[PDB]
Amino acid sequence: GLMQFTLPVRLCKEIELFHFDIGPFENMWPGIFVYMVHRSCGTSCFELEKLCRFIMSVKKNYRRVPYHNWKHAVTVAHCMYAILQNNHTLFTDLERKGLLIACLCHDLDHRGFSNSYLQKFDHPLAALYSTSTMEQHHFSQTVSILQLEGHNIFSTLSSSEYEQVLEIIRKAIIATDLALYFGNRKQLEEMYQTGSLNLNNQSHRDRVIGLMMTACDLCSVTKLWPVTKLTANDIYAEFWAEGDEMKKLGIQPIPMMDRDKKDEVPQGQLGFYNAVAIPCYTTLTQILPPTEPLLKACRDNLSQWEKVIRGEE
Ligand SMILES: Cc1nc2ccccc2nc1OCc1nc(-c2ccccc2)cn1C
Ligand SMILES: [Mg+2]
Ligand SMILES: [Zn+2]
């Protein structure tokens, strides 16, 4: 109870910034996550013995895949932390508890394949969940780990609060299905511009949290250029393995997933930044002004991809 987690000085300072990289030392990621829950939520949000056992069961249920791994989980949660610390007063105590856990859990037991490849492979998970296939699976793995004995971090919630927190996490995890992102931002855009956006409408809050989940999930595009560039190698390593697996089923994969089209990567990032990243962080800054550094960093990395195309790197 009087046992505060601390970090070394450089991390203690850099962790509050949006562009923080959690570093290559795996064994420090749990302490980083616990640090962020204590400062974001409070030291009294979770029984510490339960939290630690939950974190390590979550870690064990991430796979050793090049991108959708334990390190992605902690990164996406760090971004959420930054958003919540920079917009302290706009969020309920249940939202702060739910959303960091949502982020740590959002890709549980990912195999490094898209929803699309699961359906063309005819994976059993595609029979059980017709849309947002992986994302329903991820929420389902979260509930599983919450029901292991000694793992219910939400033990001290009421019957009803428990149900609200599991509902926040469910919607939050579903929202990481990028197919749902496009509609969700268009609606937030129109609601903010017409002046109808209202943060007491629970269905409006839902959309906002959905946008934050996209922002945290894409936060690779808001890092120092060498972090952004090296993360892209891991992202394409999954895409090209999925591309290979499409070819094994006798299907020409889209060029994004075709390793014979490495050459077009810089233009593919340009497309992604203009179609998804910029619009995501633009709409997010409008609704939550202190998130501006995510937009400014995204615009910087776009300019870095333009430089790659021009043969200046
Ligand atoms: C989906 C996607 N998700 C991301 C999540 C985080 C960070 C970067 C991301 N980039 C992405 O996509 C990148 C892309 N490459 C191509 C492409 C590449 C080579 C040849 C032809 C096309 C197209 N598109 C959209
Ligand atoms: Mg996912
Ligand atoms: Zn993710």
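Positions are given from 1, in the same order as the sequence printed here. These numbers come from the heavy atoms of this one structure, side chains and all, not from hydrogens, waters or symmetry mates. Just follow the structure's listing: the first ligand is 1, and inside any ligand the first atom is 1.
- Here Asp107 meets the criterion, with an N, O or S atom under 2.8 Å of the Mg ion (ligand 2).
- Under 4.0 Å is where a charged nitrogen must lie from a carboxylate oxygen, and between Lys229 and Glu313 no such pair does.
- Any N or O atom pair closer than 3.5 Å counts here, and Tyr236 shares at least one such pair with ligand 1.
- Ion pairing between a basic and an acidic side chain is recognised when a charged N comes within 4.0 Å of a carboxylate O; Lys262 and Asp260 show no such pairing.
- Given atom 4 (C) of ligand 1, the protein heavy atom at minimum distance is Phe272 CZ, 3.4 Å.
- Looking at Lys261 and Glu264, no side-chain N of the basic residue comes within less than 4.0 Å of a carboxylate O on the acidic one, giving no salt bridge.
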Could you walk me through whether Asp206 and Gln202 satisfy the side chain to side chain donor-acceptor pair (under 3.5 Å) test, starting with their C-alpha distance in whole Å, then the side-chain angles of each, then the deciding distance to 0.1 Å, before giving a yes or no? CA-CA 6 Å; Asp206 282 12; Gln202 184 60 72; 2.9 Å; yes
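- Sorting the N, O or S atoms of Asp107 by how far they are from the Zn ion (ligand 3) puts OD2 first.
- Taking only non-hydrogen atoms, the option from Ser114, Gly268, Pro266 nearest to atom 23 (C) of ligand 1 is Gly268.
- Between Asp244 and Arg259 there is a salt bridge, since at least one side-chain N of the basic residue sits less than 4.0 Å from a carboxylate O of the acidic one.
- Here the protein heavy atom with the shortest distance to atom 17 (C) of ligand 1 is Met256 CA, 3.5 Å.
- Of all atoms in ligand 1, listed by their number and element, those nearer than 4.0 Å to a heavy atom of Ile235 are 6 (C), 7 (C), 8 (C).
- Between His151 and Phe54, the ring centre distance reaches or exceeds 6.0 Å.
- Salt bridge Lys186/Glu190: absent, no basic N to carboxylate O contact under 4.0 Å.
- In the vicinity of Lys261, heavy-atom distances shorter than 4.0 Å reach the ligand 1 atoms 19 (C), 20 (C).
- By the 4.0 Å N-to-carboxylate-O rule, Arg63 lies too far from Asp107 to be salt-bridged with it.
- Between the Zn ion (ligand 3) and the N, O or S atoms of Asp217, the shortest distance is to OD1.
- Considering only non-hydrogen atoms, atom 20 (C) of ligand 1 lies nearest to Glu264 out of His72, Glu238, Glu264, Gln269.
- The NE2 atom of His72 and the NE2 atom of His106 meet at the Zn ion (ligand 3) at an angle of about 90°, given to 10°.
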